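Coordinate analysis (summary)
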Amino acid sequence: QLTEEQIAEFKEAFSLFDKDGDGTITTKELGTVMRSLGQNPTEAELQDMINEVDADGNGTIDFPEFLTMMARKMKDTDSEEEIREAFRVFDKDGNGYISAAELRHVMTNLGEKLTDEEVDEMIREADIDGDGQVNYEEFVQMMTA
Amino acid sequence: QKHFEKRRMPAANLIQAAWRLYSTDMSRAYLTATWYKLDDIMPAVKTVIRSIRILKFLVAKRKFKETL
């Protein structure tokens, strides 16, 4: 389903990690690029990122695994289901809605908290009814599209 | 209650990673002359940033699944 030059684009990203052309990405290469952008992952966080996609077990990401990961993104059945289950954890009503305000409270107070500008952009992207509710099913399908 | 409030931080984490992943391709943070130019001369940079957010989304999805 991917064009021959869209693969060359993902290859350009991959080679930015694998600057020595060994055909693999280790924590070393993944972390060096992340820290060049001003991110600071720990060693354990790098190991977990790589273990999500390493299908062999040697602690690397090779280009076929990279390409599959970039092609799927969030557009898979398991992702839609699990994101839906996350929203439901904060919906005791079960009707399938969450109030704009409760969503803001959960986003800005739990986990890797969103900033005021982030949560404002997210609530703006989801349509709100006359009460203040948002159907997260609609929001989940918009993100996993 | 106590077992299903143990889900709340990894659930929040999964939503946040999903939203940050999704925002790579539509956020106002990228709708600047700087990013259009940077994306013209070096398209690989934005793809790399997006590849990192995918990896973090995957990690966050696994951790939320481990609280079931």
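Cut-offs applied
Residues numbered from 1 in each chain as written, not as in the entry; some residues may be left out. Chains lettered and ligands numbered in written order. Heavy atoms only, no water. UniProt positions renumbered as here; feature names shortened; annotations may be inferred. Helix = DSSP H or I, 4+ residues; strand = E, 2+ residues; numbered from the N terminus. Buried < 20%, exposed > 50% of the residue type's maximum accessible area, 1.4 Å probe, protein only. Core = buried A, V, L, I, M, F, W, Y, C linked by side-chain atoms within 4.5 Å. Contact = heavy atoms within 4.5 Å. Buried area = accessible area lost by both parts, 1.4 Å probe. Salt bridge = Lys/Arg side-chain N within 4 Å of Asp/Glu carboxyl O. Polar contact = N/O pair within 3.5 Å; in protein donor to acceptor, adjacent residues only side chain to side chain. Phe/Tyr/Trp six-rings, centres within 6.5 Å; stacked < 30°, edge-to-face > 60°.

Structure determination for this PDB entry was carried out by X-ray crystallography, with a resolution of 2.300 Å recorded in the header.

If you check the PDB entry, chain B appears there as Potassium voltage-gated channel subfamily KQT member 4 from Homo sapiens. The title given to this PDB entry is "Crystal Structure of the Apo/CaM:Kv7.4 (KCNQ4) AB Domain Complex".

By the naming in the PDB entry, chain A is Calmodulin-1, taken from Homo sapiens. In its Sequence similarities section, UniProt records this for chain A: "Belongs to the calmodulin family."

This paragraph deals with the UniProt feature "binding site: Ca(2+) 3" in chain A. Residues and elements named next belong to chain A. UniProt's feature table lists "binding site: Ca(2+) 3" at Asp91, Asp93, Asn95, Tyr97 and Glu102, given in the numbering used throughout. You can see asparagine 95 is positioned in the loop between α5 (77–89) and β3 (97–99). Classification of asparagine 95 as exposed rests on a relative accessible area of 66%. We classify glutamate 102 as partly exposed; its relative accessible area is 30%.

Turning our attention to the nonpolar core. Residues A:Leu30, A:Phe66, A:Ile83, A:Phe87, A:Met107, A:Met143 and B:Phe57 are the most contacted members of the largest nonpolar core, which totals 56 residues. Ignoring any residue separated from it by four or fewer positions in sequence, one finds B:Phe57 in contact with A:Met74, A:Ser79, A:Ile83, B:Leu14, B:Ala17, B:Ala18 and B:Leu21.

Let's shift gears to the interface of chain B and chain A. Contact with chain B, which involves 39 residues of that partner, is made by 45 residues of chain A. The three residues of chain B that bury the most area against chain A are B:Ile15, B:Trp19 and B:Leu55, which together make up 17% of that side's buried surface. Taking the shortest distance from any N to any O, the salt bridge between A:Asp78 and B:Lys65 comes out at 3.2 Å. Remark: the boundary between chain B and chain A carries 14 residue pairs in polar contact.

To continue, consider the environment of A:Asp91. Residues and elements named next belong to chain A. Mapped onto the elements of the fold, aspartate 91 is located in the loop between α5 and β3. Overall, the relative accessible area of 7% leaves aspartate 91 in the buried class. At a separation of 3.3 Å, a polar atom in the side chain of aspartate 91 contacts the main-chain amide nitrogen of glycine 94.

Under the definition given, this model contains 8 aromatic pairs over all chains. Considering the side-chain rings of A:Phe87 and A:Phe139, the 6.2 Å spacing of their centres and the 75° angle between planes classify their relative orientation as edge-to-face. Of this pair, A:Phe87 sits in helix α5 while A:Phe139 is found in helix α8 (residues 136–143), placing the two residues 52 residues apart along the sequence. Pairing A:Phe139 with B:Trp19 gives two aromatic rings, centres 6.0 Å apart and planes at 20°, and the pair type is stacked. Of the two residues, A:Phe139 sits in helix α8 while B:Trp19 sits in helix α1 (residues 8–23), which places them in two different chains. As far as the burial class goes, A:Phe139 and B:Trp19 line up, both buried. These aromatic residues form a ring-pair network of at least three members: A:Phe87, A:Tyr136, A:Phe139, B:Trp19 and B:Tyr22.

Moving on: helix α4 (residues 63–72) of chain A. Taken residue by residue, α4(A) has A:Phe63, A:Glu65, A:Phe66, A:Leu67, A:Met69 and A:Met70 as its buried positions. Where the residues of α4(A) are buried, they touch α1 (4–17), β1 (24–25) and β2 (61–62) of chain A together with α3 (43–65) of chain B. In the stretch just after α4(A), A:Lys73 is the one whose phi turns positive, near 55°.

Residues and elements named next belong to chain A. Mapped onto this numbering, the UniProt entry gives "binding site: Ca(2+) 2" at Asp54, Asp56, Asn58, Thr60 and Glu65. Topologically, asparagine 58 is positioned in the loop between α3 (43–51) and β2. Among the structural elements, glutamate 65 can be located in helix α4. When its relative accessible area of 14% is taken as the criterion, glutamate 65 is described as buried.

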